[PDB]
>>> print(open('entry-v1.cif').read())   # mmCIF, N, CA and C atoms and all ligand atoms
data_start
loop_
_atom_site.label_atom_id
_atom_site.label_comp_id
_atom_site.auth_asym_id
_atom_site.auth_seq_id
_atom_site.Cartn_x
_atom_site.Cartn_y
_atom_site.Cartn_z
N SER A 2 6.53 -23.47 11.57
CA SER A 2 5.85 -23.00 10.33
C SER A 2 6.86 -22.81 9.21
N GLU A 3 6.36 -22.55 8.00
CA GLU A 3 7.24 -22.36 6.85
C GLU A 3 6.54 -21.60 5.73
N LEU A 4 5.95 -20.46 6.07
CA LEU A 4 5.26 -19.64 5.08
C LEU A 4 6.22 -18.62 4.47
N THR A 5 6.12 -18.43 3.16
CA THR A 5 6.99 -17.49 2.45
C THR A 5 6.65 -16.04 2.81
N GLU A 6 7.35 -15.10 2.19
CA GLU A 6 7.13 -13.68 2.46
C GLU A 6 5.72 -13.25 2.06
N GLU A 7 5.31 -13.62 0.85
CA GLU A 7 3.99 -13.26 0.35
C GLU A 7 2.89 -13.96 1.15
N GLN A 8 3.12 -15.22 1.46
CA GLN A 8 2.17 -16.01 2.22
C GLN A 8 1.99 -15.45 3.63
N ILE A 9 3.10 -15.13 4.28
CA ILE A 9 3.06 -14.57 5.63
C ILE A 9 2.24 -13.29 5.65
N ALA A 10 2.57 -12.37 4.75
CA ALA A 10 1.87 -11.10 4.66
C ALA A 10 0.42 -11.30 4.20
N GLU A 11 0.15 -12.46 3.60
CA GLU A 11 -1.19 -12.76 3.11
C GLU A 11 -2.16 -13.05 4.25
N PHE A 12 -1.84 -14.03 5.10
CA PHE A 12 -2.72 -14.37 6.21
C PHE A 12 -2.54 -13.37 7.35
N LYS A 13 -1.38 -12.73 7.41
CA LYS A 13 -1.12 -11.74 8.45
C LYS A 13 -2.03 -10.54 8.23
N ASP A 14 -2.26 -10.21 6.96
CA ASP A 14 -3.14 -9.10 6.61
C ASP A 14 -4.56 -9.47 7.00
N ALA A 15 -5.00 -10.65 6.56
CA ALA A 15 -6.34 -11.13 6.88
C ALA A 15 -6.49 -11.36 8.38
N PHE A 16 -5.36 -11.38 9.08
CA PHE A 16 -5.35 -11.60 10.52
C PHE A 16 -5.69 -10.31 11.26
N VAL A 17 -5.04 -9.22 10.87
CA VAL A 17 -5.28 -7.93 11.49
C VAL A 17 -6.67 -7.42 11.11
N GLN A 18 -7.21 -7.96 10.02
CA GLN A 18 -8.53 -7.57 9.55
C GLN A 18 -9.59 -7.84 10.62
N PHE A 19 -9.41 -8.93 11.37
CA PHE A 19 -10.36 -9.29 12.42
C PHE A 19 -9.80 -9.00 13.81
N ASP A 20 -9.20 -7.83 13.96
CA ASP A 20 -8.63 -7.43 15.25
C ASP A 20 -9.00 -5.98 15.57
N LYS A 21 -10.27 -5.76 15.87
CA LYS A 21 -10.77 -4.42 16.20
C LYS A 21 -10.41 -4.05 17.63
N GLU A 22 -10.24 -5.07 18.47
CA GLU A 22 -9.91 -4.86 19.88
C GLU A 22 -8.49 -4.34 20.03
N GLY A 23 -7.72 -4.40 18.95
CA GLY A 23 -6.34 -3.93 18.98
C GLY A 23 -5.45 -4.77 19.88
N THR A 24 -5.91 -5.97 20.20
CA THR A 24 -5.15 -6.88 21.05
C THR A 24 -4.24 -7.78 20.22
N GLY A 25 -4.15 -7.49 18.93
CA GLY A 25 -3.32 -8.29 18.04
C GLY A 25 -3.71 -9.75 18.05
N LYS A 26 -4.93 -10.02 18.50
CA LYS A 26 -5.44 -11.39 18.56
C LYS A 26 -6.79 -11.51 17.87
N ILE A 27 -7.11 -12.71 17.41
CA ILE A 27 -8.38 -12.97 16.73
C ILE A 27 -9.18 -14.04 17.47
N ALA A 28 -10.44 -13.75 17.75
CA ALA A 28 -11.30 -14.70 18.45
C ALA A 28 -11.30 -16.05 17.75
N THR A 29 -11.18 -17.12 18.53
CA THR A 29 -11.17 -18.47 17.99
C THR A 29 -12.48 -18.78 17.28
N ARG A 30 -13.50 -17.97 17.56
CA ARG A 30 -14.81 -18.15 16.94
C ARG A 30 -14.81 -17.59 15.52
N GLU A 31 -13.84 -16.73 15.24
CA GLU A 31 -13.71 -16.11 13.93
C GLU A 31 -12.69 -16.86 13.08
N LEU A 32 -12.08 -17.88 13.67
CA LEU A 32 -11.08 -18.69 12.97
C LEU A 32 -11.65 -19.25 11.67
N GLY A 33 -12.78 -19.96 11.78
CA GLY A 33 -13.40 -20.54 10.60
C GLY A 33 -13.70 -19.49 9.54
N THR A 34 -14.15 -18.32 9.98
CA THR A 34 -14.46 -17.23 9.07
C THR A 34 -13.21 -16.74 8.36
N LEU A 35 -12.09 -16.75 9.09
CA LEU A 35 -10.82 -16.30 8.53
C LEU A 35 -10.33 -17.28 7.47
N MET A 36 -10.57 -18.57 7.69
CA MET A 36 -10.16 -19.59 6.74
C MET A 36 -10.88 -19.38 5.41
N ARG A 37 -12.16 -19.06 5.50
CA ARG A 37 -12.97 -18.81 4.31
C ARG A 37 -12.44 -17.59 3.58
N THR A 38 -11.93 -16.64 4.36
CA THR A 38 -11.36 -15.42 3.82
C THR A 38 -10.02 -15.70 3.14
N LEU A 39 -9.45 -16.86 3.46
CA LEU A 39 -8.17 -17.26 2.90
C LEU A 39 -8.34 -18.48 2.00
N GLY A 40 -7.39 -18.67 1.08
CA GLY A 40 -7.45 -19.80 0.17
C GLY A 40 -7.62 -21.14 0.88
N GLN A 41 -7.48 -21.14 2.20
CA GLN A 41 -7.63 -22.37 2.98
C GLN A 41 -9.05 -22.90 2.93
N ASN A 42 -9.26 -24.07 3.51
CA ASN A 42 -10.57 -24.70 3.55
C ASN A 42 -10.54 -25.95 4.43
N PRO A 43 -10.36 -25.77 5.75
CA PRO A 43 -10.31 -26.89 6.71
C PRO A 43 -11.65 -27.60 6.85
N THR A 44 -11.60 -28.90 7.10
CA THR A 44 -12.81 -29.70 7.26
C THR A 44 -13.59 -29.24 8.49
N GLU A 45 -14.90 -29.47 8.49
CA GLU A 45 -15.75 -29.06 9.60
C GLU A 45 -15.17 -29.53 10.93
N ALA A 46 -14.92 -30.83 11.04
CA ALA A 46 -14.37 -31.41 12.27
C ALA A 46 -13.10 -30.70 12.70
N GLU A 47 -12.20 -30.46 11.75
CA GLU A 47 -10.93 -29.79 12.03
C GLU A 47 -11.16 -28.49 12.78
N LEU A 48 -11.99 -27.61 12.22
CA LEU A 48 -12.29 -26.33 12.85
C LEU A 48 -12.83 -26.53 14.26
N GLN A 49 -13.70 -27.52 14.42
CA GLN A 49 -14.30 -27.80 15.72
C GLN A 49 -13.24 -28.28 16.71
N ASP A 50 -12.18 -28.90 16.19
CA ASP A 50 -11.10 -29.42 17.02
C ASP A 50 -10.18 -28.31 17.52
N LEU A 51 -9.68 -27.50 16.60
CA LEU A 51 -8.77 -26.41 16.95
C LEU A 51 -9.48 -25.30 17.72
N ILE A 52 -10.73 -25.04 17.38
CA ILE A 52 -11.50 -24.00 18.05
C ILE A 52 -11.83 -24.40 19.49
N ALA A 53 -12.33 -25.62 19.67
CA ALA A 53 -12.67 -26.11 21.00
C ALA A 53 -11.44 -26.15 21.89
N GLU A 54 -10.30 -26.51 21.31
CA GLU A 54 -9.05 -26.58 22.05
C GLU A 54 -8.61 -25.19 22.49
N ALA A 55 -8.57 -24.26 21.54
CA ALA A 55 -8.17 -22.89 21.84
C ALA A 55 -9.20 -22.20 22.72
N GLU A 56 -10.38 -22.80 22.83
CA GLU A 56 -11.45 -22.23 23.65
C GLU A 56 -11.17 -22.44 25.13
N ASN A 57 -10.42 -23.50 25.44
CA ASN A 57 -10.07 -23.81 26.83
C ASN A 57 -8.56 -23.75 27.03
N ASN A 58 -7.84 -23.29 26.01
CA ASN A 58 -6.39 -23.19 26.08
C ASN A 58 -5.93 -21.76 25.81
N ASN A 59 -6.85 -20.93 25.32
CA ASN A 59 -6.53 -19.54 25.03
C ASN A 59 -7.69 -18.62 25.42
N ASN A 60 -8.47 -19.06 26.40
CA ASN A 60 -9.61 -18.30 26.89
C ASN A 60 -10.65 -18.10 25.78
N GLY A 61 -10.46 -17.07 24.97
CA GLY A 61 -11.39 -16.80 23.89
C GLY A 61 -10.73 -16.10 22.72
N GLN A 62 -9.45 -15.78 22.87
CA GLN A 62 -8.69 -15.11 21.83
C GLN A 62 -7.58 -16.00 21.29
N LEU A 63 -7.18 -15.74 20.05
CA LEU A 63 -6.13 -16.51 19.40
C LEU A 63 -4.96 -15.60 19.02
N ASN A 64 -3.77 -16.16 18.88
CA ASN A 64 -2.59 -15.36 18.55
C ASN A 64 -2.09 -15.64 17.15
N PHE A 65 -1.38 -14.67 16.59
CA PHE A 65 -0.80 -14.80 15.26
C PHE A 65 -0.07 -16.13 15.14
N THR A 66 0.65 -16.49 16.19
CA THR A 66 1.39 -17.74 16.23
C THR A 66 0.46 -18.94 16.24
N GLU A 67 -0.67 -18.80 16.92
CA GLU A 67 -1.65 -19.87 16.99
C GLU A 67 -2.23 -20.14 15.60
N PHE A 68 -2.76 -19.10 14.97
CA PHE A 68 -3.33 -19.21 13.64
C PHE A 68 -2.28 -19.71 12.65
N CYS A 69 -1.14 -19.01 12.59
CA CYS A 69 -0.05 -19.38 11.70
C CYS A 69 0.32 -20.84 11.90
N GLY A 70 0.51 -21.21 13.16
CA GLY A 70 0.86 -22.58 13.49
C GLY A 70 0.02 -23.58 12.72
N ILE A 71 -1.30 -23.41 12.75
CA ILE A 71 -2.19 -24.30 12.03
C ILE A 71 -2.00 -24.16 10.53
N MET A 72 -2.06 -22.93 10.05
CA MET A 72 -1.88 -22.66 8.63
C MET A 72 -0.68 -23.43 8.11
N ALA A 73 0.33 -23.53 8.95
CA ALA A 73 1.55 -24.25 8.61
C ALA A 73 1.25 -25.73 8.38
N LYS A 74 0.64 -26.37 9.37
CA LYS A 74 0.30 -27.79 9.26
C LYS A 74 -0.65 -28.04 8.09
N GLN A 75 -1.46 -27.03 7.77
CA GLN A 75 -2.40 -27.13 6.66
C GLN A 75 -1.70 -26.96 5.32
N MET A 76 -0.78 -26.00 5.25
CA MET A 76 -0.05 -25.73 4.03
C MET A 76 0.79 -26.94 3.62
N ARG A 77 1.09 -27.80 4.59
CA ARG A 77 1.88 -29.01 4.34
C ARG A 77 1.32 -29.82 3.18
N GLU A 78 0.08 -29.52 2.78
CA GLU A 78 -0.56 -30.22 1.67
C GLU A 78 0.29 -30.13 0.41
N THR A 79 1.24 -29.20 0.41
CA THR A 79 2.13 -29.00 -0.73
C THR A 79 3.54 -29.48 -0.41
N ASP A 80 3.98 -30.54 -1.09
CA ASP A 80 5.31 -31.10 -0.86
C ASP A 80 6.35 -30.51 -1.82
N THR A 81 6.22 -29.21 -2.09
CA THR A 81 7.16 -28.53 -2.99
C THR A 81 8.57 -28.54 -2.41
N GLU A 82 9.55 -28.85 -3.25
CA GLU A 82 10.95 -28.93 -2.82
C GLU A 82 11.51 -27.57 -2.40
N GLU A 83 10.92 -26.49 -2.90
CA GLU A 83 11.38 -25.14 -2.59
C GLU A 83 11.21 -24.82 -1.10
N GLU A 84 9.99 -24.95 -0.62
CA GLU A 84 9.68 -24.66 0.78
C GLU A 84 10.50 -25.54 1.72
N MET A 85 11.02 -26.64 1.18
CA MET A 85 11.82 -27.57 1.97
C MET A 85 13.20 -27.00 2.23
N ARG A 86 13.85 -26.53 1.17
CA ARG A 86 15.18 -25.96 1.29
C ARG A 86 15.17 -24.83 2.32
N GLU A 87 14.14 -24.00 2.26
CA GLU A 87 14.01 -22.90 3.21
C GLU A 87 13.93 -23.45 4.63
N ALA A 88 13.16 -24.52 4.80
CA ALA A 88 12.99 -25.15 6.10
C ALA A 88 14.28 -25.85 6.54
N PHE A 89 15.12 -26.20 5.57
CA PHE A 89 16.38 -26.86 5.86
C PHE A 89 17.34 -25.91 6.57
N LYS A 90 17.37 -24.67 6.10
CA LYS A 90 18.23 -23.65 6.69
C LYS A 90 17.75 -23.29 8.09
N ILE A 91 16.43 -23.21 8.25
CA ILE A 91 15.83 -22.87 9.54
C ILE A 91 16.05 -23.98 10.57
N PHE A 92 15.85 -25.22 10.16
CA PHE A 92 16.02 -26.36 11.05
C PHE A 92 17.48 -26.55 11.44
N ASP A 93 18.35 -26.69 10.44
CA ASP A 93 19.77 -26.87 10.68
C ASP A 93 20.32 -25.74 11.55
N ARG A 94 20.45 -26.01 12.84
CA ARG A 94 20.95 -25.01 13.79
C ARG A 94 22.31 -24.48 13.35
N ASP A 95 23.11 -25.34 12.72
CA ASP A 95 24.44 -24.96 12.26
C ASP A 95 24.43 -24.69 10.76
N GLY A 96 25.54 -24.15 10.26
CA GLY A 96 25.65 -23.85 8.85
C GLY A 96 26.45 -24.90 8.10
N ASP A 97 26.83 -25.96 8.80
CA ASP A 97 27.61 -27.04 8.21
C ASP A 97 26.88 -27.66 7.02
N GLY A 98 25.56 -27.81 7.15
CA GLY A 98 24.78 -28.39 6.08
C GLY A 98 24.16 -29.73 6.45
N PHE A 99 24.12 -30.03 7.74
CA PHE A 99 23.55 -31.28 8.22
C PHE A 99 22.83 -31.08 9.56
N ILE A 100 21.84 -31.93 9.82
CA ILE A 100 21.08 -31.84 11.07
C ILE A 100 21.30 -33.07 11.94
N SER A 101 21.46 -32.85 13.24
CA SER A 101 21.68 -33.93 14.19
C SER A 101 20.51 -34.06 15.16
N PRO A 102 20.31 -35.25 15.75
CA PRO A 102 19.21 -35.48 16.70
C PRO A 102 19.03 -34.31 17.67
N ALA A 103 20.15 -33.75 18.12
CA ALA A 103 20.12 -32.62 19.04
C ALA A 103 19.42 -31.42 18.39
N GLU A 104 19.85 -31.09 17.18
CA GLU A 104 19.30 -29.98 16.43
C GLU A 104 17.83 -30.23 16.09
N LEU A 105 17.46 -31.50 15.96
CA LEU A 105 16.10 -31.86 15.61
C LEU A 105 15.12 -31.46 16.70
N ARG A 106 15.36 -31.92 17.92
CA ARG A 106 14.49 -31.60 19.04
C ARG A 106 14.52 -30.10 19.33
N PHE A 107 15.70 -29.51 19.21
CA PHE A 107 15.88 -28.09 19.46
C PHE A 107 14.92 -27.26 18.61
N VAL A 108 14.72 -27.68 17.37
CA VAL A 108 13.82 -26.97 16.46
C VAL A 108 12.37 -27.33 16.72
N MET A 109 12.08 -28.63 16.79
CA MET A 109 10.73 -29.11 17.04
C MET A 109 10.10 -28.40 18.24
N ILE A 110 10.93 -28.11 19.25
CA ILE A 110 10.46 -27.43 20.45
C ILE A 110 10.24 -25.95 20.18
N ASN A 111 11.04 -25.40 19.27
CA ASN A 111 10.94 -23.99 18.90
C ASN A 111 9.63 -23.72 18.17
N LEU A 112 9.28 -24.61 17.24
CA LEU A 112 8.06 -24.46 16.46
C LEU A 112 6.83 -24.60 17.35
N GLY A 113 6.85 -25.61 18.22
CA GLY A 113 5.73 -25.84 19.12
C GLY A 113 5.39 -27.31 19.24
N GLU A 114 6.13 -28.15 18.53
CA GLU A 114 5.90 -29.59 18.55
C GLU A 114 6.69 -30.26 19.67
N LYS A 115 5.99 -30.63 20.74
CA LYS A 115 6.63 -31.29 21.88
C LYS A 115 6.98 -32.73 21.53
N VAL A 116 8.27 -33.03 21.47
CA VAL A 116 8.73 -34.37 21.15
C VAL A 116 9.90 -34.80 22.02
N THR A 117 10.06 -36.11 22.17
CA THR A 117 11.15 -36.67 22.97
C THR A 117 12.29 -37.12 22.07
N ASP A 118 13.49 -37.19 22.63
CA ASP A 118 14.67 -37.60 21.87
C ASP A 118 14.49 -39.00 21.28
N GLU A 119 13.58 -39.78 21.85
CA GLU A 119 13.34 -41.13 21.37
C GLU A 119 12.52 -41.15 20.08
N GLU A 120 11.35 -40.51 20.11
CA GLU A 120 10.48 -40.47 18.94
C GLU A 120 11.15 -39.77 17.76
N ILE A 121 11.89 -38.70 18.04
CA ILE A 121 12.56 -37.96 16.98
C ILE A 121 13.74 -38.75 16.42
N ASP A 122 14.42 -39.50 17.28
CA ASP A 122 15.55 -40.31 16.84
C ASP A 122 15.12 -41.30 15.77
N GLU A 123 13.97 -41.94 15.99
CA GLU A 123 13.43 -42.90 15.04
C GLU A 123 13.09 -42.21 13.72
N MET A 124 12.50 -41.02 13.81
CA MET A 124 12.12 -40.26 12.63
C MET A 124 13.34 -40.00 11.75
N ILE A 125 14.50 -39.83 12.37
CA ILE A 125 15.73 -39.59 11.64
C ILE A 125 16.15 -40.83 10.88
N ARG A 126 16.10 -41.97 11.56
CA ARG A 126 16.47 -43.25 10.95
C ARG A 126 15.59 -43.55 9.74
N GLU A 127 14.35 -43.09 9.79
CA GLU A 127 13.41 -43.32 8.69
C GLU A 127 13.83 -42.57 7.43
N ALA A 128 14.31 -41.35 7.60
CA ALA A 128 14.75 -40.53 6.47
C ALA A 128 16.23 -40.74 6.19
N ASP A 129 16.93 -41.36 7.14
CA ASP A 129 18.36 -41.61 7.00
C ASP A 129 18.61 -43.02 6.47
N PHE A 130 19.02 -43.10 5.21
CA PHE A 130 19.30 -44.39 4.58
C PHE A 130 20.80 -44.69 4.57
N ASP A 131 21.62 -43.65 4.46
CA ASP A 131 23.07 -43.82 4.43
C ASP A 131 23.59 -44.27 5.80
N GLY A 132 22.75 -44.12 6.82
CA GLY A 132 23.14 -44.52 8.16
C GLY A 132 24.39 -43.81 8.65
N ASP A 133 24.21 -42.61 9.20
CA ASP A 133 25.33 -41.83 9.72
C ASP A 133 24.91 -40.99 10.92
N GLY A 134 23.60 -40.94 11.17
CA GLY A 134 23.09 -40.17 12.29
C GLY A 134 22.99 -38.69 11.98
N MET A 135 23.01 -38.36 10.69
CA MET A 135 22.92 -36.97 10.25
C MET A 135 21.98 -36.85 9.06
N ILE A 136 21.41 -35.66 8.87
CA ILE A 136 20.49 -35.43 7.76
C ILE A 136 21.03 -34.43 6.75
N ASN A 137 20.74 -34.71 5.49
CA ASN A 137 21.14 -33.84 4.39
C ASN A 137 19.89 -33.27 3.72
N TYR A 138 20.03 -32.15 3.02
CA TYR A 138 18.90 -31.50 2.36
C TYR A 138 17.94 -32.52 1.72
N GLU A 139 18.44 -33.70 1.38
CA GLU A 139 17.61 -34.72 0.75
C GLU A 139 16.77 -35.47 1.78
N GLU A 140 17.43 -36.05 2.78
CA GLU A 140 16.73 -36.79 3.82
C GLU A 140 15.76 -35.89 4.57
N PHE A 141 16.12 -34.61 4.67
CA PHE A 141 15.29 -33.63 5.36
C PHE A 141 13.99 -33.39 4.59
N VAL A 142 14.13 -33.02 3.32
CA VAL A 142 12.99 -32.76 2.44
C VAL A 142 11.94 -33.87 2.54
N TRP A 143 12.40 -35.11 2.54
CA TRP A 143 11.49 -36.25 2.59
C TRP A 143 10.71 -36.32 3.90
N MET A 144 11.41 -36.34 5.04
CA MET A 144 10.74 -36.45 6.33
C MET A 144 9.80 -35.28 6.61
N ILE A 145 10.14 -34.09 6.11
CA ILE A 145 9.29 -32.92 6.33
C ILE A 145 8.12 -32.90 5.36
N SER A 146 8.25 -33.62 4.25
CA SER A 146 7.20 -33.68 3.24
C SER A 146 5.99 -34.40 3.80
N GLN A 147 6.25 -35.38 4.66
CA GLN A 147 5.19 -36.16 5.27
C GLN A 147 4.63 -35.46 6.50
N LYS A 148 5.43 -34.58 7.10
CA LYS A 148 5.02 -33.84 8.28
C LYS A 148 3.67 -33.15 8.05
CA CA A 201 -8.42 -9.00 19.23
CA CA A 202 24.01 -28.67 11.90
CA CA A 203 22.05 -39.48 6.71
#
>>> encode(input="entry-v1.cif", output="structure tokens", more="lines below")
Ligand SMILES: [Ca+2]
Ligand SMILES: [Ca+2]
Ligand SMILES: [Ca+2]
Amino acid sequence: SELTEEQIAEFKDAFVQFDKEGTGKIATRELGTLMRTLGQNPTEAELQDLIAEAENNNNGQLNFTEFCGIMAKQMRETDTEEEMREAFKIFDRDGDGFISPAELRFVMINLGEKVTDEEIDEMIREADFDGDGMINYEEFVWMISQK
């Protein structure tokens, strides 16, 4: 995910709003209702996809990480360069200023995106034009913009 401070507290607030059980979780059936409560607006099919999935993958309750996770993929609708730089620091395991195939999978797995060293390697080559096997704030911004 890559939500700012205000954004995080925004959906996080609307998240606790639908948690009377005190389980820090929100019913997947209330997901669509929560979206309406938020500036979001997922397509009918979309809601039916994530809800049905979480219905047999999370019993009947959803987690902050679950909701946020989606909100993240949804927020991607904005290719703002700002949110990219922030994601650059988070992704880049090191402070050198570059990302390597190793660091790529390491992060993708942290977020929740299951990927192999093969598929991710190609993704790097796509954003890597200088051909060096490393990513810079520029090559990163581009590949994540399409994410
Ligand atoms: Ca709950
Ligand atoms: Ca690094
Ligand atoms: Ca490069």
>>> residues_around(input="entry-v1.cif", residues="stretch 23-40 of chain A", least_positions_apart="3", cutoff="8 Å", atoms="all atoms listed in the file", output="PyMOL selection string")
chain A and resi 11-12+15-17+19-20+43+48-49+51-53+55-56+59-65+68
>>> closest_atom_pairs(input="entry-v1.cif", of="chain A", to="ligand CA 202 (chain A)", cutoff="9 Å", atoms="only C-alpha atoms and all ligand atoms", output="JSON lines")
{"residue": "A:92", "atom": "CA", "partner": "A:CA202", "partner_atom": "CA", "distance": 8.4}
{"residue": "A:93", "atom": "CA", "partner": "A:CA202", "partner_atom": "CA", "distance": 4.8}
{"residue": "A:94", "atom": "CA", "partner": "A:CA202", "partner_atom": "CA", "distance": 5.1}
{"residue": "A:95", "atom": "CA", "partner": "A:CA202", "partner_atom": "CA", "distance": 3.8}
{"residue": "A:96", "atom": "CA", "partner": "A:CA202", "partner_atom": "CA", "distance": 5.9}
{"residue": "A:97", "atom": "CA", "partner": "A:CA202", "partner_atom": "CA", "distance": 5.4}
{"residue": "A:98", "atom": "CA", "partner": "A:CA202", "partner_atom": "CA", "distance": 5.9}
{"residue": "A:99", "atom": "CA", "partner": "A:CA202", "partner_atom": "CA", "distance": 4.5}
{"residue": "A:100", "atom": "CA", "partner": "A:CA202", "partner_atom": "CA", "distance": 4.4}
{"residue": "A:101", "atom": "CA", "partner": "A:CA202", "partner_atom": "CA", "distance": 6.2}
{"residue": "A:104", "atom": "CA", "partner": "A:CA202", "partner_atom": "CA", "distance": 6.7}
{"residue": "A:135", "atom": "CA", "partner": "A:CA202", "partner_atom": "CA", "distance": 8.5}
{"residue": "A:136", "atom": "CA", "partner": "A:CA202", "partner_atom": "CA", "distance": 8.7}
>>> residues_near_ligand(input="entry-v1.cif", ligand="ligand CA 203 (chain A)", cutoff="8 Å", atoms="all atoms listed in the file", output="PDB file with N, CA and C atoms, keeping the file's coordinate frame")
ATOM      1  N   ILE A 125      14.500 -39.830  12.370  1.00  0.00           N
ATOM      2  CA  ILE A 125      15.730 -39.590  11.640  1.00  0.00           C
ATOM      3  C   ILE A 125      16.150 -40.830  10.880  1.00  0.00           C
ATOM      4  N   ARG A 126      16.100 -41.970  11.560  1.00  0.00           N
ATOM      5  CA  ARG A 126      16.470 -43.250  10.950  1.00  0.00           C
ATOM      6  C   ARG A 126      15.590 -43.550   9.740  1.00  0.00           C
ATOM      7  N   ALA A 128      14.310 -41.350   7.600  1.00  0.00           N
ATOM      8  CA  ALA A 128      14.750 -40.530   6.470  1.00  0.00           C
ATOM      9  C   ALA A 128      16.230 -40.740   6.190  1.00  0.00           C
ATOM     10  N   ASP A 129      16.930 -41.360   7.140  1.00  0.00           N
ATOM     11  CA  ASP A 129      18.360 -41.610   7.000  1.00  0.00           C
ATOM     12  C   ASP A 129      18.610 -43.020   6.470  1.00  0.00           C
ATOM     13  N   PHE A 130      19.020 -43.100   5.210  1.00  0.00           N
ATOM     14  CA  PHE A 130      19.300 -44.390   4.580  1.00  0.00           C
ATOM     15  C   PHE A 130      20.800 -44.690   4.570  1.00  0.00           C
ATOM     16  N   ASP A 131      21.620 -43.650   4.460  1.00  0.00           N
ATOM     17  CA  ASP A 131      23.070 -43.820   4.430  1.00  0.00           C
ATOM     18  C   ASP A 131      23.590 -44.270   5.800  1.00  0.00           C
ATOM     19  N   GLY A 132      22.750 -44.120   6.820  1.00  0.00           N
ATOM     20  CA  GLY A 132      23.140 -44.520   8.160  1.00  0.00           C
ATOM     21  C   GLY A 132      24.390 -43.810   8.650  1.00  0.00           C
ATOM     22  N   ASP A 133      24.210 -42.610   9.200  1.00  0.00           N
ATOM     23  CA  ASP A 133      25.330 -41.830   9.720  1.00  0.00           C
ATOM     24  C   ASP A 133      24.910 -40.990  10.920  1.00  0.00           C
ATOM     25  N   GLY A 134      23.600 -40.940  11.170  1.00  0.00           N
ATOM     26  CA  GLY A 134      23.090 -40.170  12.290  1.00  0.00           C
ATOM     27  C   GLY A 134      22.990 -38.690  11.980  1.00  0.00           C
ATOM     28  N   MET A 135      23.010 -38.360  10.690  1.00  0.00           N
ATOM     29  CA  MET A 135      22.920 -36.970  10.250  1.00  0.00           C
ATOM     30  C   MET A 135      21.980 -36.850   9.060  1.00  0.00           C
ATOM     31  N   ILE A 136      21.410 -35.660   8.870  1.00  0.00           N
ATOM     32  CA  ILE A 136      20.490 -35.430   7.760  1.00  0.00           C
ATOM     33  C   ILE A 136      21.030 -34.430   6.750  1.00  0.00           C
ATOM     34  N   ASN A 137      20.740 -34.710   5.490  1.00  0.00           N
ATOM     35  CA  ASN A 137      21.140 -33.840   4.390  1.00  0.00           C
ATOM     36  C   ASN A 137      19.890 -33.270   3.720  1.00  0.00           C
ATOM     37  N   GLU A 140      17.430 -36.050   2.780  1.00  0.00           N
ATOM     38  CA  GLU A 140      16.730 -36.790   3.820  1.00  0.00           C
ATOM     39  C   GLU A 140      15.760 -35.890   4.570  1.00  0.00           C
ATOM     40  N   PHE A 141      16.120 -34.610   4.670  1.00  0.00           N
ATOM     41  CA  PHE A 141      15.290 -33.630   5.360  1.00  0.00           C
ATOM     42  C   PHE A 141      13.990 -33.390   4.590  1.00  0.00           C
TER      43      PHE A 141
END
>>> select_by_dssp(input="entry-v1.cif", residues="chain A", states="strand (DSSP E or B)", output="PyMOL selection string")
chain A and resi 26-28+62-64+100+136
>>> atom_distance(input="entry-v1.cif", atom1="atom CA of residue A:109", atom2="atom CA of residue A:144")
13.0 Å
>>> closest_residue(input="entry-v1.cif", among="A:118, A:44, A:3, A:66", to="residue A:103", atoms="only N, CA and C atoms")
A:118
>>> atom_distance(input="entry-v1.cif", atom1="atom CA of residue A:18", atom2="atom N of residue A:69")
14.0 Å
>>> residues_around(input="entry-v1.cif", residues="residue A:142", least_positions_apart="2", cutoff="8 Å", atoms="all atoms listed in the file", output="list in words")
residues 80, 81, 82, 84, 85, 86, 88, 89, 136, 137, 138, 139, 140, 144, 145, 146, 147 and 148 of chain A
>>> atom_distance(input="entry-v1.cif", atom1="atom CA of residue A:58", atom2="atom CA of residue A:4")
24.3 Å
>>> select_by_dssp(input="entry-v1.cif", residues="stretch 52-84 of chain A", states="helix (DSSP H, G or I)", output="JSON, numbers by chain")
{"A": [52, 53, 54, 55, 56, 57, 58, 65, 66, 67, 68, 69, 70, 71, 72, 73, 74, 75, 76, 82, 83, 84]}
>>> axis_aligned_box(input="entry-v1.cif", around="stretch 79-92 of chain A", padding_each_side="6 Å", output="AutoDock Vina command-line options")
--center_x 9.7 --center_y -27.0 --center_z 4.1 --size_x 29.0 --size_y 20.2 --size_z 26.7
>>> closest_residue(input="entry-v1.cif", among="A:83, A:123, A:14, A:50", to="residue A:102", atoms="only C-alpha atoms")
A:123
>>> residues_around(input="entry-v1.cif", residues="residue A:111", least_positions_apart="5", cutoff="8 Å", atoms="only N, CA and C atoms", output="tab-separated table (two decimals) with N, CA and C atoms, in the frame of the given file")
chain	number	residue	atom	x	y	z
A	2	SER	N	6.53	-23.47	11.57
A	2	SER	CA	5.85	-23.00	10.33
A	2	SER	C	6.86	-22.81	9.21
A	105	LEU	N	17.46	-31.50	15.96
A	105	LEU	CA	16.10	-31.86	15.61
A	105	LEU	C	15.12	-31.46	16.70
A	106	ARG	N	15.36	-31.92	17.92
A	106	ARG	CA	14.49	-31.60	19.04
A	106	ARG	C	14.52	-30.10	19.33
